[PDB]
């Protein structure tokens, strides 16, 4: 069974797509919000996907469930805690977990998310709670954990507060900024609010990844690298449709954060074609394997490794390879990075 039963590193998994069904149901029931079902298994079966969906039908799923967690202090911290726990069961020794703090708040945020009424959990406060839970789960479960705060493509007005938050909470546990949501929104890599937040991220030494090339063209990747200056790419698949861009990103050792099982379910990769990650293997690309959203995809990190093992021929040596590349591409301090790698190279012999 477990396709690679060695320690792992994971760089691309959203907190808000990594919540236990039973906990959604717990706070639902407690706060009165109500959800398409009431068992874990039935709710799991509704939230989860086995087929690609339109964008509204994907985001709808966040409309059911998020109101159970958003705006409640204790829920925010618990989700962060229990995430750490899950990763511990996948055999991860280092993970960077991301989310938008505005999406879990119910005050000082406009528009207020998910139909929520106004309350008094701010977005700053959300980062603080998340930090707590993640630093407790690290202490308890033995996985080292950092986080990344996501700007939202359709809301550049939030972005300078993201980067200010990454600066306030830096190392502690936040190490980087991301740009998530709908990458197909015309012009959205270039909205001034996002460009100025990632230029402030450069100025203040906050690391940067951006989702690009998932469903968006190669030009969206090119904007992420050349104008937002990103250091890593979320998926990056469609880079392959620009050959000189592909070649240059290999020459600069850019890291590609691949989510093979997510890409099948979303329809990002059409199942009747060469998956991009096999090209990346054949090419010796610097890339990682990741879950993206285990809740929505009905997955664990072994799902993705079984997919690449069983469907695409991937070997132990390649699994060891890309984990090491993930550690090398982490946003940890230099010292902590060398320490991670020392750990891994040791487990791997």
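Positions refer to the first chain, counted from 1.
*Asks:* Going by the average Cα B-factor in the PDB entry, point out whether 111-119 or 233-241 comes out higher.
*Replies:* Of 233-241 and 111-119, the stretch with the higher C-alpha B-factor average is 111-119.
*Asks:* Higher mean Cα B-factor in the deposited model: 315-323 or 34-42?
*Replies:* According to the PDB entry, the answer is 34-42.
*Asks:* Of the choices 85, 223, 257, 96, which one's C-alpha carries the largest B-factor in the record?
*Replies:* By C-alpha B-factor in the record, 85 ranks first.
*Asks:* Looking at the C-alpha B-factor values in the deposited entry, which of 164, 252, 182, 178 comes out highest?
*Replies:* So the option with the highest C-alpha B-factor is 252.
*Asks:* Hey, what third does residue 339 fall into on Cα B-factor, ranked over its chain?
*Replies:* Its C-alpha B-factor, which the entry lists for residue 339, ranks in the middle third among residues of this chain.
*Asks:* Per the entry's values, where does residue 50 land by CA temperature factor relative to the rest of its chain, in the lowest, middle or highest third?
*Replies:* Ranked within chain, residue 50 CA B lands in the highest tercile.
*Asks:* Give the position of residue 105 by CA B-factor within its chain, expressed as the lowest, middle or highest third.
*Replies:* Answer is middle: the recorded C-alpha B-factor places it there.
*Asks:* Going by the CA temperature factor in the PDB record, which third of the chain does residue 25 belong to: lowest, middle or highest?
*Replies:* Tercile = highest for this residue's CA B-factor.
*Asks:* Residue 62's Cα B-factor: lowest, middle or highest third of the chain?
*Replies:* Residue 62: CA B-factor falls in the highest third of its chain.
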